[PDB]
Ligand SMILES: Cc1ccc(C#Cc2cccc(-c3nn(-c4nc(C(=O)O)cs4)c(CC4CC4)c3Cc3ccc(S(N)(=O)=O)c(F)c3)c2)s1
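Below you'll find only one chain, the form deposited without the ligand, shown as structure tokens.
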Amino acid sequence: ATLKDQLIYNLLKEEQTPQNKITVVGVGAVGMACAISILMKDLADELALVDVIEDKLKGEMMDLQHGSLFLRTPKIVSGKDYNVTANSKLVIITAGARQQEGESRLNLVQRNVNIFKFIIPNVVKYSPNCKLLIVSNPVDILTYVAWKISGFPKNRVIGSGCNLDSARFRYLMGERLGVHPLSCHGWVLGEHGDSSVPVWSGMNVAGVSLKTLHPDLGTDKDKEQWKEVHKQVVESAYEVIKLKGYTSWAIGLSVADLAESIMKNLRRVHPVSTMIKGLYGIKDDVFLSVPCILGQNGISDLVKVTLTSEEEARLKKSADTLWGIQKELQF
């Protein structure tokens, strides 16, 4: 007899059906960052990667697999057939025409418009119940594309929106005050880009409202000039791409914090793109970031933040700008 069977008495069969599968679509720098972080937070027991390049795909898979000793994720699978997606509770989409030196969240749409039409319909054919987390830019419109195509009630199609923008914000806030970002609370909402809006009313430490102590905080009259930390956040990715062509780690850490909420029913509040049709005016079927309540069904709840009239404005604007495009969708 073979050595395996000389050493190991069998007892069953099936053992394949993964119970917490997670799938990354795209294995550029972002997808791998997502992957390496989903893998070290012990979120998924199966991890499936999909992309079109088949050398880069096999090799990345091989490399993580070689570390399984140092992990608690016991199956890692790759391939350009979406059949390995099969039964993923959550699917992360990062793939498509991404970025330049200089180009910003407004030089693709039509590129990525079309790529998506293969990816999405196949994520639904082997993961028909799954949850859809859109990362690749222009992320608010691509959540539109992802939603209609797959069908899916709006709660199960989440875009990653301003989740990282509020993080980079809470980092610059903490660096200014000497407090850990965990203890600085600040929200950045809207469409992820230059038309994000930092809601300064909610900026606080230990409960105390910074806007209250510093009434001119945010207005271009500000002594301390905080409106610029919101400009560091808009141009962080520009000044990190300028130093090394791309961003990766931070999105991966932010994304894995989102998957954490979903995969564990934390019902924490994150700012992510979902369908605000109704809220803040907005009568169109548009997507953009708002304090959501993420769980094993994704966006079950929204936190109806009270905006000022100029804030509610800049939202509707961007919320037009967008639908001025999506009425024109080839899909």
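In this text, the rigid core denotes the largest set of C-alpha atoms whose superposition between the two forms falls within 1.5 Å. Residue indices: 1-based, along the sequence shown.
*Got a sec? Mean C-alpha B-factor, which is higher, 322-330 or 3-11?*
The stretch with the larger mean CA B-factor is 322-330.
*Could you check which stretch, 279-287 or 49-57, carries the larger mean CA temperature factor in the entry?*
Per the PDB record, 279-287.
_For the CA B factor values reported in this entry, which option in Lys227, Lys211, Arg176, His185 has the top one?_
Going by the entry's C-alpha B-factors, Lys227 comes out highest.
*At the C-alpha atoms, which of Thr247, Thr73, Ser127, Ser166 reaches the highest B-factor in this entry?*
It is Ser127.
_Where the record places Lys154 (Cα B-factor, split into thirds across the chain)_ = Within its chain, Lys154 is a middle-third residue by C-alpha B-factor, going by the deposited values.
_Considering every modelled residue of the chain and its Cα B-factor in the PDB entry, is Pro121 in the lowest, middle or highest third?_
Its C-alpha B-factor, which the entry lists for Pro121, ranks in the highest third among residues of this chain.
*Compared with the other modelled residues in the chain, in which third is the CA B-factor of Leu189?*
Middle third by C-alpha B-factor.
*Could you look up the Cα B-factor of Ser104 in the entry and say which third of the chain it sits in: lowest, middle or highest?*
Highest third.
*According to the PDB entry, is the CA B factor of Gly161 in the bottom, middle or top third of its chain, that is, lowest, middle or highest?*
Ranked within chain, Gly161 CA B lands in the middle tercile.
From this point on, the text means the form deposited with the ligand bound, which you will not see here.
*Decide open or blocked for this chain: the ligand is absent here, so superimpose its site C-alphas on those in the deposited bound form and check whether 3 or more ligand atoms come within 2.4 Å of a backbone or C-beta atom.*
Blocked.
*Though only this chain appears here, would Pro138 touch the ligand in the deposited bound form if you measure heavy atom gaps against 4.5 Å?*
Within the cut-off, so yes.
*Does the ligand come within 4.5 Å of any heavy atom of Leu315 in the deposited bound form?*
Looking in the deposited bound form, residue contacts with the ligand do not include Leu315, since no heavy atom lies within 4.5 Å.
_in the deposited bound form, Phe152 touching the ligand (heavy atom, 4.5 Å)_ = No - in the deposited bound form, heavy atoms of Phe152 and the ligand never come within 4.5 Å of each other.
*Wondering, does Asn87 line up within 4.5 Å of the ligand in the deposited bound form on heavy atoms?*
Flag for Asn87 set to no.
*Which is the one residue in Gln99, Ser254, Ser261, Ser127 whose C-alpha moves 2 Å or more between this form and the one not shown, relative to the superposed rigid core?*
That would be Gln99.
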